[PDB]
C-alpha cells in the first residue's frame, strides 16, 4: 500500500513525487542527477521506475532523486499507515469496535441474553472475538458484521462499516 510502516525500509509502493511536489527522477537515469543507486547493484531494494524508496533504511523515510536540476534529492511525503475502522469483503475478519447497527441501535453484548436470547456465546466461538457488544460476522455470512440489538423489537441487524477499499492507500493504476 501507499503508506509507510516505521521508516519504510521495505516500502514498495508507487508514490513518485517529493514532499515539495517535484516529480522523481527514474533510478535507472543519470539525468539530471548522476548517482550510484544503480538498480542492478541494489536488487532487493526494488529501485523501480521513479518510485520513492528507502534503500538504506534512513530516518527521513522514502526519497528519490528529483527531476529538478536544482534539487538533487528530496524525501517524499508519505503518510504513516494508521488503523481505521473498515471491512474487506464481507468482514469475516473484522475485529474493530463499532457497536451500533445500520439503523443506529446500540448492540446487545454477546455475553447477554437480554433482550434477545441466543447461542452465540463467546466461550463457544473462541477465535471469533465475540467481545463486548462489537459488530462481528462469526460465521462469515454475506451481509457482513452484525449484532443482536438492544431494542426488544429488533432481534438483530447488520452494521454499516465502510469497505477498506474506500479509505486505503491504493497502488496507482500504472
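Residue numbers count along the first chain shown, from 1.
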query: 135 to 143 or 105 to 113, whichever carries the higher mean Cα B-factor; finding: 135 to 143
query: Residue range whose averaged C-alpha B-factor is higher in the record, 91 to 99 or 75 to 83; finding: 75 to 83
query: Top Cα B factor in the deposited entry, candidates 51, 125, 148, 65; finding: 125
query: Residue of maximum C-alpha B factor among 32, 55, 26, 61, per deposited coordinates; finding: 55
query: Within-chain third of residue 14 by Cα B-factor, per the entry; finding: middle
